[PDB]
Structures are given as structure tokens and as C-alpha cells.
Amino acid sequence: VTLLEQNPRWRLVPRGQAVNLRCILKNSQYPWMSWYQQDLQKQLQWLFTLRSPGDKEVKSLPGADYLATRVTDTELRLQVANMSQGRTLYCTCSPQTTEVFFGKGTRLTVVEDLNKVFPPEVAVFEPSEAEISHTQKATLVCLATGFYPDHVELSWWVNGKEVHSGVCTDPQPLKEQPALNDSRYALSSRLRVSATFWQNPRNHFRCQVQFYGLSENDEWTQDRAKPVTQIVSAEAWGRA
């Protein structure tokens, strides 16, 4: 199972701001906790290794100033200040016999202007009648377009329960402006069910997309709605 717990998963960081990260250890046989950095080019680099409570280490590499702290026997902190380049920070645990276990990670996205944040638009599409009569299978397609940053995660819901059978999501989003680095992203997903399942109107299909955007602590003076952390979804009933 999970020997660690790192929160949060995503973070929108203005340029020059500070970020405080947590990590909780769940196994005593892995007391050597560490921080690892993975840059935008997917290069892993070791930062600190703290063992006893009260340890305090400092590392200053280009793009971010670090400050790790071992508060208690299971509490590991990390402060990232003066951030000008986005990166991902993984909390790890290991015994003295080196066996490093990485957590889920925290993706830090640095933005210079907050006017580029956009929430995704979700739309489900009912499967074609040609597939139902040819393969006896119905494939629903969900689509989330025009969001920045890519701090989203999609999940399907059938009658209030999250399903996974026949559910595929794109591992990486698409860039709507491929020539731009601050390009808005798009993400799709699929759900395959039997033809008899889709032909049952009693079944409720839902595509939930959790978007992590802005908080109420951020000043916003624009003519459009604030791109705050919200849940955009779309429903579709069964058709026979």
C-alpha cells in the first residue's frame, strides 16, 4: 500500500511566491525521508535527507530556493520560495538499506500572469448507432477543452459510483496552441459499455472533471468569471 502521504497534488504558484508542502510517514521501518526534484525535462535530483526531528537543511538551485524541515517523527516539511520555474517535488521514504519509495508527487506550476488560467468545458457524447449494431458495444466519449494549467483529473460516475471497467483517459493532454508554452490544454476520455447497458435509460452516466485553479485569496479584476477550483461535469441518460 501507500507508505507515504503528500499533499497537495497540484499547485498554481505566482512568480516569486512561496509554497509550503507536507509529507506524512506511515511506516516506521522507512525513517529516512527525502525530497526529490523533477524538472520540466524529467530529470530526477536528490535534495535532502532528514532523519531526526528538528533537522533543518537549505539548498538553493536555479529556479527555486528550498528549506526542508523534519518536524516530528513522521512530519516532513518543505518551503519553496523565489520560484520562477515550475517543477515537481516528490517526497520519499527509505530504510538505511537504500530502498527509496516515491510518493504521488506535487506538481508546481509557475505563472507570471494569472489571466491565462481557464476552467475546462466538459461535454459527453452519446455513442453512435452504427457501433451498437456492428460490435454490440457502446462507447461514450467525454471531452474537456480549453483549460490552463493542466491541473485537472477526470473520472466517470455511473449511478453515483465511480466506475473503471472500460474507462480510458489520455495519459497526456493536448495543447490547443502548440506553439505556445502557456498554451491551454484539452483532455478526452472514453467509456465502453455493452449495447444492452446503454439501451437502459435507468442508468445515469456522468463525466466529472476536477479542476484546480485559483483561490479566493487572489485578486481578480476581469470581465469574465474567476477560474477558481471547481467541478465541471456533463450527464447523459441511456437511449434505446
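For every residue, the number given is its place in the sequence shown, counted from 1.
In this entry, 210 to 218 has the higher mean Cα B-factor, the comparison being between 58 to 66 and 210 to 218. The PDB entry records a higher mean C-alpha B factor for 197 to 205 than for its counterpart among 181 to 189 and 197 to 205.
Of the candidates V71, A138, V152, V110, the PDB record gives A138 the highest C-alpha temperature factor. For the set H134, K104, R87, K116, the PDB entry puts the maximum C-alpha B factor at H134. When the modelled residues of the chain are ordered by C-alpha B-factor, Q96 sits in the lowest third. Annotation for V228: CA B-factor lies in the highest third of the chain's modelled residues. In the deposited entry, the Cα temperature factor of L4 sits in the bottom third of values across the chain's modelled residues. Sorting the modelled residues of the chain by their CA temperature factor places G146 in the lowest third. Sorting the modelled residues of the chain by their CA temperature factor places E129 in the highest third.
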